[PDB]
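Below is one structure; the comments refer to it alone.
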Amino acid sequence: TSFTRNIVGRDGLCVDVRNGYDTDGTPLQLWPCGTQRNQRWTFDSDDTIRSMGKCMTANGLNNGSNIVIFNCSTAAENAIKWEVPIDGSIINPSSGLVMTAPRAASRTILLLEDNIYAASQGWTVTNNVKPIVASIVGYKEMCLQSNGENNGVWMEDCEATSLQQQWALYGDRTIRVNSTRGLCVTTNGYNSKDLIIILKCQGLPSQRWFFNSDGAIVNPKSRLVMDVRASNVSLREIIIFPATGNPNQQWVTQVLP
Ligand SMILES: *[C@@H]1O[C@H](CO)[C@@H](O[C@@H]2O[C@H](CO)[C@@H](O)[C@H](O)[C@H]2NC(C)=O)[C@H](O[C@@H]2O[C@@H](C)[C@@H](O)[C@@H](O)[C@@H]2O)[C@H]1NC(C)=O
Ligand SMILES: *[C@@H]1O[C@H](CO)[C@@H](O[C@@H]2O[C@H](CO)[C@@H](O)[C@H](O)[C@H]2NC(C)=O)[C@H](O[C@@H]2O[C@@H](C)[C@@H](O)[C@@H](O)[C@@H]2O)[C@H]1NC(C)=O
Ligand SMILES: *[C@@H]1O[C@H](CO)[C@@H](O[C@@H]2O[C@H](CO)[C@@H](O)[C@H](O)[C@H]2NC(C)=O)[C@H](O)[C@H]1NC(C)=O
Ligand SMILES: *[C@@H]1O[C@H](CO)[C@@H](O)[C@H](O)[C@H]1NC(C)=O
Ligand SMILES: OC[C@H]1O[C@H](O)[C@H](O)[C@@H](O)[C@H]1O
Ligand SMILES: OC[C@H]1O[C@H](O)[C@H](O)[C@@H](O)[C@H]1O
């Protein structure tokens with residue numbers, strides 16, 4: 001009824017108890033992922049998340065409050081309970097605030113903030129601390145492909161040798177250009193028919209994605225899903241659009257060798 005994993009977030013960095021200290025109040029931070037105990041988090045049936053025998057704890061329940069390690073028996077019960085929504089948030093149910101990495105850098109301190117469905121608020125609970133590398137196969141069994149920073153993504157015939165068809169599925173719920181991992185699949189707005197492009201990863205809601213159980217790739221802020229515009233691969237436009245279940249909105253990941 002408990003199991004232990006790493007927690008991967010912004011830029012593929014892991015949730016880490018700072019300096020490996022277990023003193024009550026020690027802040028959580030981002031740090032490159034490893035096997036050290038201060039990165040091993042045990043998920044207990046009581047909705048606590050523990051490292052080094054102590055609990056992930058909200059040091060306050062306000063926008064901007066720090067998250068720390070703290071003795072599980074002496075902390076406030078409201079401060080040590082966490083849920084893991086399917087879209088990859090880590091939420092404190094009492095406050096409704098979510099774990100956020102406000103900067104990408106090593107040593108960034110983790111805060112509880114208002115949920116804006118930002119990529120800075122995306123996490124993955126896993127023992128694999130490397131991004132998953134896959135092709136994204138969609139409409140007509142074609143492959144999603146990048147075409148440079150600031151340019152659109154679009155469909156092409158799947159090629160084992162096309163590097164721009166290779167995507168790094170990061171723990172922060174970003175979809176990155178595998179060869180250029182500073183770049184993220186980004187919606188150019190939150191409205192229906194806004195185009196999906198590649199932009200520098202900046203932790204934004206426009207860069208957060210969720211692979212749901214219907215084969216859709218969902219942008220949580222907008223609610224909208226990746227769509228091959230007009231079921232017309234020749235337009236070379238992928239947009240966000242409301243979920244319809246139609247073939248031009250169906251996607252599956254295919255792991256690469
Ligand atoms: C909760 O904390 C956030 C970080 O302090 C606030 O957002 C930040 O607001 C700053 C100005 O106060 C702004 O320069 C930051 O870039 C922005 N950060 C991001 C990425 O959102 C947030 O403030 C609200 O949202 C911002 C965008 C503005 O609209 C503010 O007027 C809002 O108050 C804080 N939210 C709350 C509940 O106050
Ligand atoms: C969390 O805080 C608890 C209360 O201060 C610690 O339990 C207390 O540990 C004291 C020092 O070991 C001991 O004199 C007390 O009997 C005990 N108090 C209670 C109510 O159990 C607790 O320490 C852990 O649990 C106790 C029972 C022993 O097994 C300790 O050696 C454990 O470390 C603190 N937990 C942690 C992880 O620090
Ligand atoms: C995706 O990109 C990664 C990162 O560049 C590639 O992984 C590197 O591969 C080289 C050659 O095998 C290794 O020596 C490095 O250790 C890898 N780096 C990291 C950080 O993992 C990878 O080959 C690319 N393609 C695929 C299919 O994963
Ligand atoms: C698909 O898009 C291409 C490129 O713009 C266009 O020439 C073609 O007529 C479109 N096909 C349909 C059925 O609209
Ligand atoms: O705080 C920086 C760094 O300190 C040590 O190197 C720890 O082992 C890491 O896990 C990390 O916490
Ligand atoms: O115009 C955009 C819209 O075009 C058609 O209606 C498609 O079926 C939708 O999925 C969407 O692509």
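In this chain, numbering begins with 1 at the start of the sequence shown. Both backbone and side-chain heavy atoms feed into the values below; hydrogens, waters and symmetry mates do not. As the structure lists them, so they are numbered: ligands from 1, and atoms in each ligand from 1.
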### Task
Any atoms of ligand 5 less than 4.0 Å from a non-hydrogen atom of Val17? List them with their elements.
12 (O)
### Query
With atoms numbered from 1 as shown, which atoms in ligand 5 lie under 4.0 angstrom from a non-hydrogen atom of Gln36?
9 (C), 10 (O)
### Query
With only distance considered, is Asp227 within less than 3.5 Å of ligand 6 through an N or O on each side?
yes
### Query
Does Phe241 reach ligand 6 with a nitrogen or oxygen that is under 3.5 Å from one of the ligand's nitrogen or oxygen atoms?
no
Going by a strict under-4.0 Å cutoff (protein heavy atoms only), does [atom] have a neighbour on the protein?
atom: atom 25 (N) of ligand 3; result: yes
atom: atom 4 (O) of ligand 5; result: yes
atom: atom 13 (C) of ligand 3; result: no
atom: atom 12 (O) of ligand 6; result: yes
atom: atom 10 (C) of ligand 3; result: no
atom: atom 3 (C) of ligand 3; result: yes
atom: atom 17 (C) of ligand 3; result: no

### Query
Is any N or O atom of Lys130, backbone or side chain, closer than 3.5 Å to an N or O atom of ligand 3?
no
### side chain to side chain donor-acceptor pair (under 3.5 Å) evaluation trace for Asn128 with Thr126
CA-CA 5 Å; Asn128 179 358; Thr126 185; 5.8 Å; no
### Query
Going by the order shown, which atoms of ligand 6 are within less than 4.0 Å of some heavy atom of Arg229?
12 (O)
#### Entry: Pair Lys221 + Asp87: basic N to acidic O under 4.0 Å
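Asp87 and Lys221: not salt-bridged.
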### Message
Test side chain to side chain donor-acceptor pair (under 3.5 Å) on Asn248 and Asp227; report intermediate values, then the result.
### Response
CA-CA 6 Å; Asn248 70 319; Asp227 175 300; 3.2 Å; yes
### Query
Does the side-chain contact (heavy atoms from CB on, under 4.5 Å) test come out yes or no for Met56 and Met99, once each step is laid out?
CA-CA 11 Å; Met56 183 183 290; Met99 181 192 266; 4.1 Å; yes
### Query
Are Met52 and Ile49 connected, step by step, through hydrophobic side chains (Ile, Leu, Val, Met, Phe, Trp, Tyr) whose heavy atoms are closer than 4.5 Å?
yes
### Task
Please write down residue, atom name and distance for the protein heavy atom closest to atom 1 (O) of ligand 6.
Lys193 CD, 4.2 Å
### Task
Looking only at protein heavy atoms, identify the closest one to atom 23 (O) of ligand 3 and say how far it is in Å.
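Its nearest protein heavy-atom neighbour is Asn178 ND2, 4.9 Å.
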[X] and [Y]: which non-hydrogen atoms are nearest, and at how many Å?
X: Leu111; Y: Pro102; result: CD1-CG, 4.0 Å
X: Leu112; Y: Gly60; result: CD1-O, 3.9 Å
X: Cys184; Y: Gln207; result: CB-NE2, 3.8 Å

## Note on the structure
Candidates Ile238, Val225, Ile239; heavy atom nearest atom 2 (C) of ligand 6 found on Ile239
### Task
Report yes if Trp31 has an N/O atom closer than 3.5 Å to an N/O atom of ligand 5; otherwise report no.
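No, no N or O pair falls under 3.5 Å.
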### Message
If I apply the N/O under 3.5 Å rule, does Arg18 come out as touching ligand 5?
### Response
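Checking ligand 5 against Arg18, no N or O pair falls under 3.5 Å apart.
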Interatomic spacing from [atom1] in [X] to [atom2] in [Y] - rounded to 0.5 Å:
X: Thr1; Y: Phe43; atom1: OG1; atom2: CZ; value: 13.0 Å
X: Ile136; Y: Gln166; atom1: CD1; atom2: CD; value: 11.5 Å
X: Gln145; Y: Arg236; atom1: CD; atom2: CZ; value: 9.5 Å
X: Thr42; Y: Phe3; atom1: OG1; atom2: CZ; value: 9.0 Å

### Query
Under 4.0 Å from ligand 6, counting heavy atoms only, is it the side chain of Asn248, its backbone, both or neither?
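Near ligand 6, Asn248 shows its side chain, while the N, CA, C and O stay back.
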### Full working for side chain to side chain donor-acceptor pair (under 3.5 Å) between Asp46 and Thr48
CA-CA 6 Å; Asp46 71 357; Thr48 66; 2.6 Å; yes
### Message
Test of understanding: given a 4.0 Å heavy-atom threshold, classify the contact between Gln29 and ligand 5 as side chain, backbone, both, or neither.
### Response
side chain
### Message
Under 4.0 Å, heavy-atom basis, I'd like to know which part of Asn19 is in contact with ligand 5: side chain, backbone, both or neither.
### Response
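Both backbone and side chain of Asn19 come within 4.0 Å of ligand 5.
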Of all the atoms in ligand 3, which lie at a distance below 4.0 Å from a heavy atom belonging to [X]?
X: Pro257; answer: 27 (C)
X: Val133; answer: 26 (C), 27 (C), 28 (O)
X: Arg181; answer: 1 (C), 2 (O), 3 (C), 4 (C)

### Task
Mind running side chain to side chain donor-acceptor pair (under 3.5 Å) on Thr35 and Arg40 for me, showing each step along the way?
CA-CA 7 Å; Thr35 56; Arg40 297 295 295 168; over 6 Å; no
